[PDB]
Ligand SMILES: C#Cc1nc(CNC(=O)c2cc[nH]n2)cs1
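Shown here is one chain on its own, the form deposited without this ligand, set out as structure tokens.
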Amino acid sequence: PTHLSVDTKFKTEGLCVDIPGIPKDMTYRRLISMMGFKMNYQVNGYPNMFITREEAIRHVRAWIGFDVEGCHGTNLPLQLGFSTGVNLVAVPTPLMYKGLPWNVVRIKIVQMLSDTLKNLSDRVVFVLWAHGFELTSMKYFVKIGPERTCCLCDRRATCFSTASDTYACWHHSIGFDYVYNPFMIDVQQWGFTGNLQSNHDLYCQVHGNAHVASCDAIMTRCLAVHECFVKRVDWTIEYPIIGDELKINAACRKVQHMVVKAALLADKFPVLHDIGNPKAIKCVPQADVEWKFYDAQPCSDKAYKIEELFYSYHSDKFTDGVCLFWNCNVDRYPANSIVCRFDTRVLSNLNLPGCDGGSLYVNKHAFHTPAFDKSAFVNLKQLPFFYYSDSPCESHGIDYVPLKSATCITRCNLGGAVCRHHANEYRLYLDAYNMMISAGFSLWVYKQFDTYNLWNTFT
């Protein structure tokens, strides 16, 4: 049991307003045939256009919400809406395009999907709240057949061109007119009462209903993300490497060690309360401090309330020493904190739009993160960049230009001239730091933090 059986039943009640008289008894096999597609008894990697919820979750980067609204059914124009915010009008003869025939609409669909997905996924998954017109419009821009490879590379084929009779992936599809072997899932099969807007609005106030197809496409994908990543969580699902995952993760570990080590040296806290991941390890193993751990899994719905994490009777005195919240999202951080908080607004191939202002951050595992909120940090300040090292000044073992920097906190810089080793380490640390920041992470610290206190740790 890996793929969705074509003989599985499909509930058709949501389809009967656009398609009156539709049989109540229906399989995916008969639905696909009714959509104008012929599977021809083929064992060539594409057993069904539709996929399971488990397969959709594994391919969350490929999700594109899709909706079709009747403008006036082969006689009338159709408004095609996508979760990218695009609306196209197809004439049978928040971006809103005027009515055009299918032969040009399909070229725009291929360009839009290719630009959106080339750096995210090897496929497209159309996320539907199926009412009928969207299923019957697929024959006008989709072609199916055996699984194929790109004509210019080793990636799987996602597009087809009638002009050249060739196949291409999302990276090599310029000028292609058909979406090839797309996947789809109908959210209405999951068991819901009431319409799309009433189910979506139970969990999200950020997406409105301006009565255009793209608004429904956006709400559909949002509801699907809430169901699969907010109310249900699975950290055992692995996602492929598509960008700077390894560098970002290594940079995060370097920055955490640096910041925590310097905070402990500068203010000499007798105790550190490490709140977050139940699998956390001491990020500064040689620090003198009393290290105490408190378990909290990553919150995927609303940020934790500091009153619930800390109160209801542990050192109990979280006010003693310092609190470390490394990706532990809370409503309001205490004044004595060191914080790393992911900024959900960041634009990247790792960060996908999420539910109710939140974002789905996908880096090895998928983490739905509650919306970034500047008021969470009212008791803290932004942590400034700095590099600290007490390691000996010795090169060992890439040409040089001497480093001059007020933020290189080393014995050599205190003594007037940065050594080659600390200049190389400073530049590598600045690169790791910039990588973590640009990935979306933000760093905050207690207001008394001052790197001027680190210079006397060299005596």
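The first residue of the shown sequence is 1; numbering continues from there.
The same protein also has a form deposited with this ligand bound, omitted here; what follows describes it.
Engineer: Report open or blocked for the site once this ligand, placed as found in the deposited bound form, has been superimposed by the C-alphas surrounding the pocket (blocked: 3 or more ligand atoms within 2.4 Å of a backbone or C-beta atom; open: none).
Structural biologist: After the site C-alphas are aligned, the pocket of the shown chain is blocked to the transferred ligand.
Engineer: Identify, from the list 213, 187, 157, 228, the residue with a heavy atom within 4.5 Å of this ligand in the deposited bound form.
Structural biologist: Looking at the other structure, the residue within range turns out to be 213.
Engineer: Just to be sure I understand the contacts: of 199, 166, 114, 79, which is the one whose heavy atoms reach within 4.5 angstroms of this ligand in the deposited bound form?
Structural biologist: Contact residue from the list: 79.
Engineer: Look up in the deposited bound form whether residue 89 has a non-hydrogen atom within 4.5 angstroms of this ligand, and give yes or no.
Structural biologist: Yes, residue 89 is a contact residue.
Engineer: Tell me, yes or no, whether residue 69 is in contact with this ligand in the deposited bound form, where a contact means a heavy atom of each within 4.5 Å.
Structural biologist: Yes, residue 69 lies within 4.5 Å of this ligand in the deposited bound form.
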